C-alpha cells in the first residue's frame, strides 16, 4: 500500500535557515509544474464531458487554475479558469449540494472567478442560485448525510468559501447559522438514538457507517464546525464539538493511525479520505480553537505515521495519495513553524517530481483535482510558498 520512504527524516537541504526554499528546488518544481500542466491539458481532452464535480471533474480544473493565479498573479491563469467553469454552469439539477461533488462547486467557483474578472452580475447570479440549495440542506427530513462529499458540511464549505474568497457579506450569516444548526441537531439526534449523548454529543453516519475521517466522517464535519467563518458559538464548541473530537481521538490505533469507521479494527488506509492524513486536520484545527497542547502533540504523532506510511502505491492524488498526504506536512509547518515539517513536505514534493516513475496504479480520473494530476500540480504549486499553502476544497 505504501512504498518504503527512502528519504532520511529532517534530523538525519531544500530550504535556507530562514525557511525560504532554495533557488534550485523552486526551479525544479516550477519546471515540473509546466511539464505536468501540459500532460493534464492533453489528457483532459478525453475526460468525461459530464462529470462537472470539483472532486473529479471540470470544476476541479478551474480550482487548480484559480490556485495557480492566487500564487503567481499571472492573469493567464484566471482566464483559463473561466474556460473550465463555463462548462459546468448550465446543467444544474440541484440534487447534489456539496462543493466537492454537487452544484455548489461549479456555482461557488464560478462566482469567485466572475468576481475577480469584475463582472459582478454573473458573480451574483451564481451566488443566488447556490443559495437555492439552502432548503434541501436545512430540511431535517431529507435522508441527506452531514459529511463533506455529499452532505451538509460540504454545502457549508461552499458558503465559507464564498465569504473567505470573495468576502464577508457574500453569504448571509443567517444562512450559515441555519446550516450549522442543521448539522448540530443531526449530530444530537443520532447520538441520542445511540445513547452516546454524553460521550460523543455529535454523532454522524454515512450509509449507516460511522466513518471517522475527513471525506465521509466525523473528523471532517468537526473540522468545518471549527472554521472561524462558520461562527459557531463558544458553548457549542466547548460542550458539543470538543467532547466529540475527544471521543474519536480515543478510537485511534496504537500504531497512531485512525480507523476508517468506529467498528473497523484493521489498520490499512493512510489517506486524506480515511486515516491519519485526514484526522490530523481535525487535531490541528482543534489546537487552533481550544489551544490545548495535547491536540498539537497528537497532530505531530499523525505526522510521523504519515511520514513513514504516506508515500502511496494508489498514486499521487489529494484524496488518497502522496500529494494529499504531503499537504499534512505543509499545514503542520504553518501551525508550528517547525522546519521538520517543511522538510517532510519538500520530500513528498520531490517524490512528485518523479510523477509516474514509481509503478503506481493509474487512477480512474487521472487528471482530476482529487484523484489525479491536477491535485499534484496544486500541491507542488504550494510548496513554492509554504506560508500560503491551502489544502484544496478543504482549507479556507
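Residue numbers count along the first chain shown, from 1.
K.L.:
Can you count, per the entry, how many deposited residues between residue 12 and residue 13 come without coordinates? Answer none, 1 to 3, 4 to 9, or 10 or more.
P.N.:
In the deposited sequence, 10 or more residues between these two have no coordinates.
K.L.:
On average, which has the higher Cα B-factor in the deposited entry, 259 to 267 or 206 to 214?
P.N.:
Looking at the recorded C-alpha B-factors, 259 to 267 comes out higher on average.
K.L.:
Of the two stretches 192 to 200 and 309 to 317, which shows the higher Cα B-factor on average in the entry?
P.N.:
The deposited B-factors put 192 to 200 ahead on the C-alpha mean.
K.L.:
Out of 362, 345, 357, 61, whose C-alpha atom has the biggest B factor in the entry?
P.N.:
The listed residue with the largest C-alpha B-factor is 362.
K.L.:
I'd like to know which of 287, 222, 155, 253 has the highest C-alpha temperature factor in the PDB entry.
P.N.:
Answer, based on the entry's C-alpha B-factors: 253.
K.L.:
For residue 19, does the deposited CA B-factor place it in the lowest, middle or highest third of the chain?
P.N.:
Answer is highest: the recorded C-alpha B-factor places it there.
K.L.:
In terms of the CA temperature factor given in the entry, to which third of its chain does residue 46 belong: lowest, middle or highest?
P.N.:
Its C-alpha B-factor belongs to the highest third of this chain's values.
K.L.:
Using the B-factors in the PDB entry, rank residue 353's C-alpha atom against the chain and give the third, lowest, middle or highest.
P.N.:
Highest third.
K.L.:
Can you work out whether the C-alpha temperature factor of residue 82 puts it in the lowest, middle or highest third of the chain?
P.N.:
It belongs to the middle third of the chain when residues are ordered by C-alpha B-factor.
K.L.:
Should residue 328 be placed in the lowest, middle or highest third of its chain by the C-alpha B factor in the entry?
P.N.:
Its C-alpha B-factor, which the entry lists for residue 328, ranks in the lowest third among residues of this chain.
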